[PDB]
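Asks: I have a structure here, written as structure tokens, and I will follow up with some questions on it.
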Amino acid sequence: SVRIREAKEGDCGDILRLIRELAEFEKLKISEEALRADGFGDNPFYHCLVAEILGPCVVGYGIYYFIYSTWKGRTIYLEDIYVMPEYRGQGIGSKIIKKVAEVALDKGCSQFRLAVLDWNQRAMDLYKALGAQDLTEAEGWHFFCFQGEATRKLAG
Amino acid sequence: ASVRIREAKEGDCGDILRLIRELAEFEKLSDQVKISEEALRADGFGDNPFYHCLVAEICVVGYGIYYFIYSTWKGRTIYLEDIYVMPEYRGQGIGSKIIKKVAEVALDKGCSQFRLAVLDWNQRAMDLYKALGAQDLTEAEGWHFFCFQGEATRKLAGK
Ligand SMILES: CC(=O)SCCNC(=O)CCNC(=O)[C@H](O)C(C)(C)COP(=O)(O)OP(=O)(O)OC[C@H]1O[C@@H](n2cnc3c(N)ncnc32)[C@H](O)[C@@H]1OP(=O)(O)O
């Protein structure tokens, strides 16, 4: 059986290995020391769940953080989304999504956001199934980003 | 017009919400306004705020609302979530002046990663931000802004 639970400092080794998996999947910094140094400390800027089979081992993760929307109020942003290849399509990806849903309400967040890769069609179809809205296509939102000098200039 | 940009104080929440409502009312999307004045005060003027707000004051006629994130591609980052300037003050460069400050906040914090989203109709801001060093993300990388709103949320939580 599988259980989606909040992560503990003890899972930071597995989480680091899963961060290097998902990104390799998405194609393009944070050592274990970094994970504990912020993800738990006392002033966490981000938290997460660790899909764990019950020998008991970490088989995927979901990390999120609290952001803000001017239409509803307390929002939740679900960043990284990844399940081990052998363990996909068997309900785990959704259980992580549902858990993020529970945390949202429990924390006064009625809605939740996230970004998605265009070629990553399967996931998009997953999110749409569970009720998500592709605001990029349903409204026209175009993510935009500055890096280094670009931000320096923007700042005037 | 004689205007200054400044950090919002809990007392600016009434004007911030009034402005948010004026916008939504303009787009005929009022019914989508679920935020509250009490939430604006609490969600950012207590323990650990969900957002930060800069207001353009002459009478508050505009605002900028941001906060930081924690993705996984480049680490911490400042993110602009919304900017509004009353119609009577458009063309004055206030919104342009507000964004510059949000960028200065990031740099002042030691962060050079600045993110945001742009509306599809905007044909100047985009090509402009590019001439600055930025790059649209949805037209290129294929990044799509997905949103699980209220109906889907509760349903997922089990309700
Ligand atoms: C915000 C983001 O971070 S988006 C990044 C998402 N991550 C990735 O693409 C990395 C590689 N893939 C994965 O990690 C997983 O395949 C996930 C997270 C996308 C989906 O988790 P899964 O456990 O495979 O999906 P789960 O079984 O819970 O499926 C729920 C729905 O998604 C669909 N789905 C999405 N991806 C897959 C997949 N790779 N294999 C099988 N089904 C998939 C299912 O068919 C199901 O849809 P349906 O009800 O219409 O049939």
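Labeling convention for the structure tokens: chains A, B, ... as they appear, residues from 1 per chain, ligands from 1 in order of appearance.
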Name each residue within 10 Å of ligand 1, counting only C-alpha atoms and all ligand atoms, as a PyMOL selection string.
Replies: (chain A and resi 18+21-26+60-64+77-98+113-130) or (chain B and resi 71-72+143-146)
Asks: Can I get the selected residues back with C-alpha atoms, as an mmCIF file, in the first residue's frame?
Replies:
```cif
data_model
loop_
_atom_site.group_PDB
_atom_site.id
_atom_site.type_symbol
_atom_site.label_atom_id
_atom_site.label_comp_id
_atom_site.auth_asym_id
_atom_site.auth_seq_id
_atom_site.Cartn_x
_atom_site.Cartn_y
_atom_site.Cartn_z
ATOM 1 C CA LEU A 18 14.215 12.341 -6.809
ATOM 2 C CA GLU A 21 15.324 12.346 -11.484
ATOM 3 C CA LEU A 22 12.428 14.685 -12.311
ATOM 4 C CA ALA A 23 14.716 17.387 -13.715
ATOM 5 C CA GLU A 24 16.533 14.825 -15.856
ATOM 6 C CA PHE A 25 13.030 13.924 -17.055
ATOM 7 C CA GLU A 26 12.151 17.582 -17.766
ATOM 8 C CA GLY A 60 8.255 9.953 -5.522
ATOM 9 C CA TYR A 61 7.591 13.397 -4.078
ATOM 10 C CA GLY A 62 5.594 16.576 -4.187
ATOM 11 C CA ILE A 63 7.011 19.875 -2.976
ATOM 12 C CA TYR A 64 5.000 23.066 -2.634
ATOM 13 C CA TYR A 77 1.643 26.429 -5.575
ATOM 14 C CA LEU A 78 2.572 22.785 -6.301
ATOM 15 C CA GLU A 79 6.044 22.901 -7.871
ATOM 16 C CA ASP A 80 7.957 19.645 -8.486
ATOM 17 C CA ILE A 81 5.800 16.712 -9.508
ATOM 18 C CA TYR A 82 7.428 13.312 -10.026
ATOM 19 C CA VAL A 83 6.830 9.581 -9.553
ATOM 20 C CA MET A 84 9.302 6.727 -10.172
ATOM 21 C CA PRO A 85 8.762 5.239 -13.687
ATOM 22 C CA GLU A 86 7.942 1.748 -12.370
ATOM 23 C CA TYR A 87 5.341 3.255 -10.026
ATOM 24 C CA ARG A 88 3.347 5.562 -12.325
ATOM 25 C CA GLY A 89 -0.176 5.124 -13.616
ATOM 26 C CA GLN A 90 -1.099 3.287 -10.407
ATOM 27 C CA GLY A 91 -2.686 6.226 -8.571
ATOM 28 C CA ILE A 92 0.320 7.728 -6.757
ATOM 29 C CA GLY A 93 0.573 10.945 -8.762
ATOM 30 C CA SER A 94 -3.040 11.737 -7.915
ATOM 31 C CA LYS A 95 -2.715 10.834 -4.228
ATOM 32 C CA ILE A 96 0.039 13.447 -4.011
ATOM 33 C CA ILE A 97 -2.259 15.935 -5.751
ATOM 34 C CA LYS A 98 -5.120 15.098 -3.379
ATOM 35 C CA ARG A 113 -1.442 26.613 -8.982
ATOM 36 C CA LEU A 114 1.544 25.141 -10.813
ATOM 37 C CA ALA A 115 3.494 25.251 -14.074
ATOM 38 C CA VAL A 116 3.496 22.510 -16.728
ATOM 39 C CA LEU A 117 5.682 21.582 -19.702
ATOM 40 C CA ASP A 118 4.022 21.735 -23.132
ATOM 41 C CA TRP A 119 5.546 18.490 -24.417
ATOM 42 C CA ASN A 120 4.641 16.833 -21.123
ATOM 43 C CA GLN A 121 1.174 16.167 -22.515
ATOM 44 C CA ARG A 122 0.353 13.200 -20.298
ATOM 45 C CA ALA A 123 0.637 15.230 -17.088
ATOM 46 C CA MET A 124 -1.414 18.086 -18.555
ATOM 47 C CA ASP A 125 -4.148 15.593 -19.371
ATOM 48 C CA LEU A 126 -3.863 14.314 -15.797
ATOM 49 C CA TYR A 127 -4.319 17.777 -14.258
ATOM 50 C CA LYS A 128 -7.238 18.576 -16.572
ATOM 51 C CA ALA A 129 -8.933 15.339 -15.515
ATOM 52 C CA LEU A 130 -8.728 16.264 -11.816
ATOM 53 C CA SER B 71 10.986 26.173 -7.151
ATOM 54 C CA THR B 72 13.834 23.842 -8.094
ATOM 55 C CA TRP B 143 5.344 26.376 -19.941
ATOM 56 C CA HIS B 144 1.622 26.519 -19.199
ATOM 57 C CA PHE B 145 -0.003 28.255 -16.239
ATOM 58 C CA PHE B 146 -2.289 25.593 -14.693
#
```
Asks: Report as an MDAnalysis selection string: the residues of region 30-88 of chain B with a DSSP assignment of helix (DSSP H, G or I), based on the backbone of this structure.
Replies: chainID B and resid 30:32 37:45 87:88
Asks: Under the rule that only C-alpha atoms are counted, which of A:150, A:4, A:145, A:101 is the nearest residue to residue 150 (chain B)?
Replies: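 Smallest distance to residue 150 (chain B) is found for A:101.
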Asks: B:35, B:59, B:86, B:13: which is nearest chain A, counting only C-alpha atoms?
Replies: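 Of B:35, B:59, B:86, B:13, the one nearest chain A is B:35, counting only C-alpha atoms.
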Asks: For each of A:138, A:51, A:7, A:67, take the minimum atom-to-atom distance to chain B, counting only C-alpha atoms, then give the residue where this is smallest.
Replies: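 Of A:138, A:51, A:7, A:67, the one nearest chain B, counting only C-alpha atoms, is A:67.
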Asks: Please identify the strand (DSSP E or B) residues within region 65-95 of chain A (assignment by DSSP from backbone atoms) and present them as number ranges by chain.
Replies: A: 65-69, 73-83
Asks: For the selection just defined, write its residues with N, CA, C and O atoms to a file, as a compact mmCIF listing (two decimals), in the first residue's frame.
Replies:
```
# COMPACT_ATOMS: atom_id res chain seq x y z
N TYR A 65 4.74 25.37 -1.99
CA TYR A 65 4.95 26.56 -1.19
C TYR A 65 3.72 27.45 -1.29
O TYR A 65 2.92 27.30 -2.21
N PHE A 66 3.56 28.33 -0.32
CA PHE A 66 2.41 29.22 -0.28
C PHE A 66 2.68 30.52 -1.02
O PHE A 66 3.68 31.20 -0.77
N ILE A 67 1.79 30.84 -1.96
CA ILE A 67 1.90 32.06 -2.74
C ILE A 67 0.65 32.89 -2.50
O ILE A 67 -0.01 32.74 -1.46
N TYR A 68 0.29 33.75 -3.46
CA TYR A 68 -0.88 34.60 -3.24
C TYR A 68 -1.55 34.99 -4.55
O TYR A 68 -0.88 35.19 -5.56
N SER A 69 -2.88 35.07 -4.51
CA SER A 69 -3.68 35.45 -5.68
C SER A 69 -4.56 36.62 -5.23
O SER A 69 -5.07 36.59 -4.12
N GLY A 73 -7.39 34.77 -2.37
CA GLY A 73 -6.68 34.86 -1.11
C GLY A 73 -5.66 33.73 -1.04
O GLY A 73 -5.09 33.34 -2.06
N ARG A 74 -5.43 33.19 0.16
CA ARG A 74 -4.45 32.12 0.35
C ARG A 74 -4.48 31.04 -0.72
O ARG A 74 -5.45 30.28 -0.83
N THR A 75 -3.39 30.98 -1.49
CA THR A 75 -3.21 30.04 -2.59
C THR A 75 -2.06 29.09 -2.26
O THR A 75 -1.27 29.37 -1.35
N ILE A 76 -2.01 27.96 -2.97
CA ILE A 76 -0.94 26.98 -2.81
C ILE A 76 -0.33 26.74 -4.20
O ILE A 76 -1.07 26.61 -5.18
N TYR A 77 0.99 26.68 -4.29
CA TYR A 77 1.64 26.43 -5.57
C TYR A 77 2.37 25.09 -5.49
O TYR A 77 3.31 24.95 -4.69
N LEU A 78 1.95 24.12 -6.29
CA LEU A 78 2.57 22.79 -6.30
C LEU A 78 3.65 22.77 -7.38
O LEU A 78 3.36 22.68 -8.56
N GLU A 79 4.90 22.88 -6.96
CA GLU A 79 6.04 22.90 -7.87
C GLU A 79 6.36 21.51 -8.45
O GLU A 79 5.60 20.94 -9.24
N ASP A 80 7.50 20.96 -8.03
CA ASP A 80 7.96 19.65 -8.49
C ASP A 80 6.87 18.59 -8.43
O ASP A 80 6.15 18.47 -7.43
N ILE A 81 6.73 17.82 -9.50
CA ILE A 81 5.80 16.71 -9.51
C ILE A 81 6.52 15.56 -10.21
O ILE A 81 6.94 15.67 -11.37
N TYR A 82 6.68 14.44 -9.49
CA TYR A 82 7.43 13.31 -10.03
C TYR A 82 7.18 11.99 -9.30
O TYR A 82 7.17 11.94 -8.07
N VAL A 83 7.03 10.93 -10.09
CA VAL A 83 6.83 9.58 -9.55
C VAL A 83 7.84 8.67 -10.25
O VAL A 83 8.20 8.90 -11.40
```
Asks: Within 7 Å of chain A, which residues of chain B show up? Give each one with its shortest atom-to-atom distance in Å (one decimal) and the two atoms involved, counting only C-alpha atoms, rows by chain then rising residue number, as CSV.
Replies:
```
residue,atom,partner,partner_atom,distance
B:32,CA,A:71,CA,6.1
B:33,CA,A:71,CA,4.7
B:34,CA,A:72,CA,4.3
B:35,CA,A:72,CA,4.4
B:39,CA,A:73,CA,7.0
B:50,CA,A:67,CA,5.9
B:51,CA,A:68,CA,6.3
B:69,CA,A:65,CA,6.9
B:70,CA,A:46,CA,6.3
B:71,CA,A:79,CA,6.0
B:81,CA,A:69,CA,6.9
B:100,CA,A:155,CA,4.4
B:101,CA,A:155,CA,6.4
B:103,CA,A:155,CA,4.8
B:104,CA,A:155,CA,5.1
B:112,CA,A:148,CA,5.3
B:113,CA,A:147,CA,5.2
B:114,CA,A:146,CA,5.1
B:115,CA,A:145,CA,4.5
B:116,CA,A:144,CA,5.2
B:117,CA,A:143,CA,4.0
B:118,CA,A:142,CA,5.0
B:119,CA,A:141,CA,5.1
B:120,CA,A:140,CA,5.0
B:132,CA,A:150,CA,5.3
B:133,CA,A:150,CA,4.2
B:134,CA,A:146,CA,4.3
B:135,CA,A:145,CA,5.8
B:136,CA,A:144,CA,4.6
B:137,CA,A:143,CA,5.0
B:138,CA,A:142,CA,4.9
B:142,CA,A:118,CA,4.3
B:143,CA,A:117,CA,4.8
B:144,CA,A:116,CA,5.1
B:145,CA,A:136,CA,5.1
B:146,CA,A:134,CA,4.5
B:147,CA,A:113,CA,4.6
B:148,CA,A:132,CA,4.2
B:149,CA,A:111,CA,4.7
B:150,CA,A:111,CA,5.4
B:152,CA,A:131,CA,4.9
B:153,CA,A:111,CA,5.8
B:156,CA,A:98,CA,5.2
B:157,CA,A:102,CA,4.6
```
